[PDB]
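A short write-up of the structure that comes next.
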Amino acid sequence: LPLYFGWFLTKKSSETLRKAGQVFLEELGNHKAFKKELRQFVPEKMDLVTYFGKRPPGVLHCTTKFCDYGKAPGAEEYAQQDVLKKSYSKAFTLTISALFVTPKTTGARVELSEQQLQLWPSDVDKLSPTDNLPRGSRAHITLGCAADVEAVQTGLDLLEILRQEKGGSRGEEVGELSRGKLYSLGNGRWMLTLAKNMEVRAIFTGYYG
């Protein structure tokens, strides 16, 4: 079994989203709202492209099931599904509706279709036992991580953002960047909601390390 399954972006789609991410970081770091919050981000204008120093080098992806070569619970069962066999090596179009920044990670929020959710595993959309976020809420594409941060944190950061909003504490609109509206979520967290959702082409496959 692979390390994980997921949707792996084409070269062109990866480059498009990477560039969108970079422009977001560049503009956010120069935005007055961000500058006001600098000590809530890093306890001196900060170059966020540099801050998020660990980045995917080329092909970007949206993970479905972490398998750990069969050691992750449910990996084998997931791999054996007819729907996976029918989807393997097939091209999909994923919708990105927002970009986000926290002190740990930056990435893209993916909003999966009903069909794509057939490939989404159980028990990944919770931060606590009693959480009731929509199926697929964790779906994301990592665009960068702070130096001491593991890439898995990107999904956890998105879940935290979505939990905050579901709980009734939504972001404050503080302005407009390229591609959409900027929201301050507090505690170093920022979200760009895209005026036009970005569509990326990607192949469902397994990654072996």
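Heads up: the sequence shown runs through residues 166 to 208, 214 to 379, numbered per PDB author numbering. In this text, a Cβ means the ideal position worked out from N, Cα and C, and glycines have one as well.
From the DSSP output, in three-state form, read off residue 372 for me.
Mapped onto the sequence shown, residue 372 falls at position 202. Strand, per DSSP.
How long is the line joining the alpha carbons of residue 364 and residue 343, rounded to whole angstroms?
Here residue 364 refers to the residue found at position 194 of the sequence shown. Here residue 343 refers to the residue found at position 173 of the sequence shown. Those two C-alpha atoms are separated by around 13 Å.
What are the residues that DSSP puts in a beta bridge with residue 262?
As a position in the sequence shown, residue 262 is number 92, starting the count at 1. In the DSSP output, where bridge partners are listed per residue, residue 262 has 372.
Could you tell me whether the Cβ atoms of residue 371 and residue 261 are closer together than 8 Å?
The residue given as residue 371 occupies position 201 in the sequence shown. The residue given as residue 261 occupies position 91 in the sequence shown. It is a contact, given that the beta carbons lie within the stated cut-off.
Any idea what DSSP makes of residue 366, helix, strand or coil?
By 1-based counting over the sequence shown, the position of residue 366 is 196. Of the three classes helix, strand and coil, the one that applies to residue 366 here is strand, per DSSP.
Classify residue 239: buried if its beta carbon has 16 or more other beta carbons within 10 angstroms, exposed otherwise.
Position 69 of the sequence shown, counted from the first residue, corresponds to residue 239. Exposed: under 16 other Cβ atoms inside 10 Å.
What are the uninterrupted segments assigned as alpha helix (DSSP H) that are 4 or more residues long and contained completely in the stretch 228-259, given in chain order?
245-250 and 252-257
Of the residues 290, 297, 313 and 360, the one placed nearest residue 229, counting alpha carbons only
On the sequence shown, residue 229 is found 59 positions in, with the first residue counted as 1. Nearest of 290, 297, 313 and 360 to residue 229, Cα basis: 313.
Which residues does DSSP list as the beta-bridge partners of residue 276?
Numbered from 1 along the sequence shown, position 106 holds the residue referred to as residue 276. Its beta-bridge partners are 271 and 314.
Quick check on the DSSP output: the beta strand (DSSP E) that includes residue 351 runs from which residue to which?
Walking along the sequence shown from the start, residue 351 turns up at place 181. Start and end: 350-356.
Who are the Cβ neighbours of residue 290 in its own chain at under 8 Å, not counting the five residues just before and after it?
Here residue 290 refers to the residue found at position 120 of the sequence shown. For residue 290, where only same-chain residues beyond five positions count, the Cβ hits under 8 Å are 234, 282, 305, 306 and 309.
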